[PDB]
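This document starts with one chain, in the form deposited in one PDB entry, laid out as structure tokens.
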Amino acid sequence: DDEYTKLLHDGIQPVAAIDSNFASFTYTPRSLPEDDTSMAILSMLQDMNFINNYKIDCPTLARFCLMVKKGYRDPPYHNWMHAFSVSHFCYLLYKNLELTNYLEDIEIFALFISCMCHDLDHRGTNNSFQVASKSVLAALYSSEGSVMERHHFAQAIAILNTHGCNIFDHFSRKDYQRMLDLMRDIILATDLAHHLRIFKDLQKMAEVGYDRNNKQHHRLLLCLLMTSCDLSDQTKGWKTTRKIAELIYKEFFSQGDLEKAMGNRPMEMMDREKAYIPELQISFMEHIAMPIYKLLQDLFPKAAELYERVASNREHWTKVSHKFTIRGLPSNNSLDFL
């Protein structure tokens, strides 16, 4: 409750006072100490004018932000620092790409809130694991699909329905319904299976050109932007890409270990005895990440640098690939590992 006191009474720090490069695509939000992230969320909301536009109650917003942060567990990748960095990228898209020409204010607001909430209570395992392990989440959502994403949305709703945390309780009934419906679609769009299903519709929209008067184009654009925020760790330098691969594979291999112990054969990328990290990262960059930022570049010319950084990071994997072969003897001069 002392974090809350300071967050409410100390005042909202200007965005520049965090870092002079905070609003740039070159900035790495993971460099920000975890203890300064809740204040950074308030600074970003204030800078986007959401607090004033929607007359958000300060005690309510302060409680909401801390409740969202508390709602994340500590697996190697799907933790609060992932949600914070994804939310930071949404802010970057707002600051650098002129979203206001494409989306409604409420849609841009829903995107940011969804970014903060999109992986709430993640346990470090994927959708297939929920079903295979017969988890409570699969009992609740397996028949509807996107098990984890349905849970993240339900966790966001449970936070909003906690006394003193409903940042939208003063909204009109229509605006309240709209907001929760947007959060549903945006959070469900974080399932990469959903992205791969709509990819041809995203290509078609970029091809014909975005139509601001087409409601389906608004829905498709919000899906693309959310996916762009979720994979944004790949738009920085090699240092971020390398570190993120360590976190992702530590999480994946922990799942694979659980599947093996259950008598199940894990997917290749989740099996520490079979996974070849450079090949898997090249495949993910080439077939998932690069086409996303290419679509983003096609719709927004100012997003060109993002695609170029992703392409550069993909090329760095090919460059370091030879290091994954043990040439000579290991550092200890022993072949005991055999």
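In this text, residue numbers run from 1 along the sequence as written. Only residues modelled in both forms are compared. In this text, the rigid core denotes the largest set of C-alpha atoms whose superposition between the two forms falls within 1.5 Å.
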Comparing average C-alpha B factors as deposited, tell me which of 227-235 and 169-177 sits higher. 169-177
Which is higher on average in the deposited entry, the C-alpha temperature factors of 317-325 or of 7-15? 317-325
Between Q216, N264, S135, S254, let me know which has the highest C-alpha B-factor in the entry? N264
Determine, from the deposited record, the chain-internal third of the Cα B-factor for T162: lowest, middle or highest. middle
What third of its chain, lowest, middle or highest, does the C-alpha temperature factor of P75 fall into? lowest
Among the modelled residues of its chain, the C-alpha B-factor of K55 falls in the third labelled middle
Grab the CA temperature factor for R309 from the record and place it in the lowest, middle or highest third of its chain. highest
For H194, return the chain-relative third of its C-alpha B-factor as stated in the PDB record: lowest, middle or highest. middle
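What comes next is about the form deposited in another entry, which is not displayed.
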With both forms fit on the core, has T325 moved 2 Å or more by CA between the shown form and the other one? yes
Rigid core fit then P14 CA moved by 2 Å or more between the shown form and the other one: no
Send over the list of consecutive residue runs, 3+ long, where the C-alpha shift is 2 angstroms or more at every position between the shown form and the other one on a core fit. 9-11, 325-338
